[PDB]
Structures are given as structure tokens and as C-alpha cells.
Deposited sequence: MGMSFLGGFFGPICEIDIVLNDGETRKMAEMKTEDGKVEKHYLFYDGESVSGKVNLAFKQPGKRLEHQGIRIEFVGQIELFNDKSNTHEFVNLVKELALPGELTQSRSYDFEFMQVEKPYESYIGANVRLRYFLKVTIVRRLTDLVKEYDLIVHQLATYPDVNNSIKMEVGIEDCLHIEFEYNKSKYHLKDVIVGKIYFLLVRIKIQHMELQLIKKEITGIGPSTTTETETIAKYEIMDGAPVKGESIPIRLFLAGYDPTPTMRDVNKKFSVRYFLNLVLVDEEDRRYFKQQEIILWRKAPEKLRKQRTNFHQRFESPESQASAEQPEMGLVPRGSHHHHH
């Protein structure tokens, strides 16, 4: 809110009217809406600097606009990795005396990673206007969201996961895929191969792990996205992802950040003993 009464910085995209706005659920329980972009698309528009009152001035050492793709870690070192930064100088040192607008166009912009808002990390893209000044610079950011579309073979090669303790409990879970899209469905069955104990309560879990930092600084957030009970006392299984709106798997993004999903089979007996097994599955976003 610096110099609000004097002037306003407004950033406007040339093609906003026909460009969709994606939503991103932040943890604060809020919902952000920003224009959706894809890798390779051009980013162009205008920067409007409008004076509200007459006879006012703003001395500066230059004005520019940057397109920024950033991975920001929320640790004590505030580790930030800018994987993309395009700059366009808009004005040389001088002073703003009257409302002015500047056109800009970043062409065929590389946006290699999908946007992400996590617990200890966020990967975001944004336009940033900076008016350099002797004291604090005036800055205006304009957030954009980037989705990454993919396509896989979609083969039907089942997968097997085994749980238990030898000569006590042996369970097998066979599901149809290694990879699923955000609205896909997981299909499989839990075969019992030996039950020397009393199966009190068991369930299939869809677990999310967000890994940040590296070395002695490696942080990990684990969240359960879905529980598929089967408790009770050869049981088919069908789990619909659409109902949870997960985010895609993000792996080859950066040495300091990954998001992976895992299927977790948990079995507990009357004696309260826990038998578990975990296997990773890859979630991806399918083109319309």
C-alpha cells in the first residue's frame, strides 16, 4: 500500500478474456484464481501506471517487468530457486509525471514445471514490475498458474504388493496400473494367502509425501488423501481419485523438492499389531 493515493500499478494480459483461470487450494483454506498458462505460450500484455491526482511525481532509477518461475522453500534459509527469469526494461532512470502504459511480450516462454502450493514449499510463476528507487523499490506481482499436460501408454500391466509376517499373515494386493490421471480409478483385489491371526481392521491408504530441502535439511510432510476401509473379520477394490482432486506427481523438478503418492496397505489384529506395506504410484494430468 505504498503511494496508493498517488497512483496504481495495473498489469493486464492481452488475451485475458479468452484465457481460463485455474484455482489453487492454499492451506489457509483460501482459494486463489489466476490465469492459466502452459509451457511454451507467449506472455504479453500491458503495464498501466495511472496517476490518481495531478501535479505529482515519482523519481526512480528505472522500471522493468520480469516473468519469473520460482521454487520457494519455507525453511530458515528461505531457500529460493528461480528456474526462469525473463526481463524487459520498460523505462530508463527518470521520473513519472503522468499516467503511462507500457507494452510487453515474452515469447515462447519456457515453463517446465507445474505450479504447486504445499506445506513447506511453493513453486509459482508470476510477472513482477519493479520501480527502482533510492529508498524501498515499488514492486507489483501478478500471479499466473501453470499446468503441465501429459499422456501415457495406459497399458494394463497389473502390479503386486505384499504384506505380512512369514508364517503369520500373508496378503497380496494386485492393482491395474502404476500410473493414474487425476480423475482415474484404482482397481484391484486383496487376496489372502495365509491368516494365522485375527484380522481386526485393515484398510488401503492413498498417501501424499511432499519432500523439501536436502541433506540434514531434508523435510518431509506426509498426508493421507484417502482411506479405503476393508476391516470386517478375494475382496475387490475400486478407488476413485476424482473425489479427492489430488495434484500431479512432481519428481524430476529439483534436487530440493518432490511430491509423490503412495498406496499403503495397513492391517491390524485383535492383538493390536500393525502390518503395513507401501508402494509408490504416479499421478498425472491428462489433456482435455
Q.
Let me make sure I understand the coverage. Which parts of the deposited sequence, in order from the N-terminal end, have no C-alpha coordinates here?
A. 1-7, 241-246, 302-341
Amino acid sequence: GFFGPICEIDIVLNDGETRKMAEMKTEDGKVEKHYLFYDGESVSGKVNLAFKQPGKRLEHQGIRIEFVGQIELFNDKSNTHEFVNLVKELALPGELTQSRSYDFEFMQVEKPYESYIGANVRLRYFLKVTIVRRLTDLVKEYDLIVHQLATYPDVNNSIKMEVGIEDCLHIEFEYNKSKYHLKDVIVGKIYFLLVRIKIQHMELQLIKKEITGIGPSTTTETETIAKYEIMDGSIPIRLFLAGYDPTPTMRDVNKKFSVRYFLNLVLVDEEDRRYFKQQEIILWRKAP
From here on, numbers count along this sequence of modelled residues.
Q. If you average the CA temperature factors over each stretch, which comes out higher, 9-17 or 269-277?
A. 269-277
Q: Quick one: say whether 251-259 or 22-30 has the higher mean Cα B-factor in the deposited entry.
A: 22-30
**Q.** Largest Cα B-factor, entry values, listed residues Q148, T130, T97, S101
**A.** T97
**Q.** Most elevated Cα B-factor in the entry, residues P112, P93, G118, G215
**A.** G215
Q: Determine, from the deposited record, the chain-internal third of the Cα B-factor for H181: lowest, middle or highest.
A: middle
Q) Thinking about Cα B factors across the chain, which third does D39 belong to? A) lowest
Q) Can you tell me which third, lowest, middle or highest, the CA B-factor of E105 falls into for its chain? A) middle
**Q.** Within-chain third of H81 by Cα B-factor, per the entry
**A.** lowest
Q | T136, C-alpha B-factor rank within chain (lowest, middle or highest third) | A | lowest
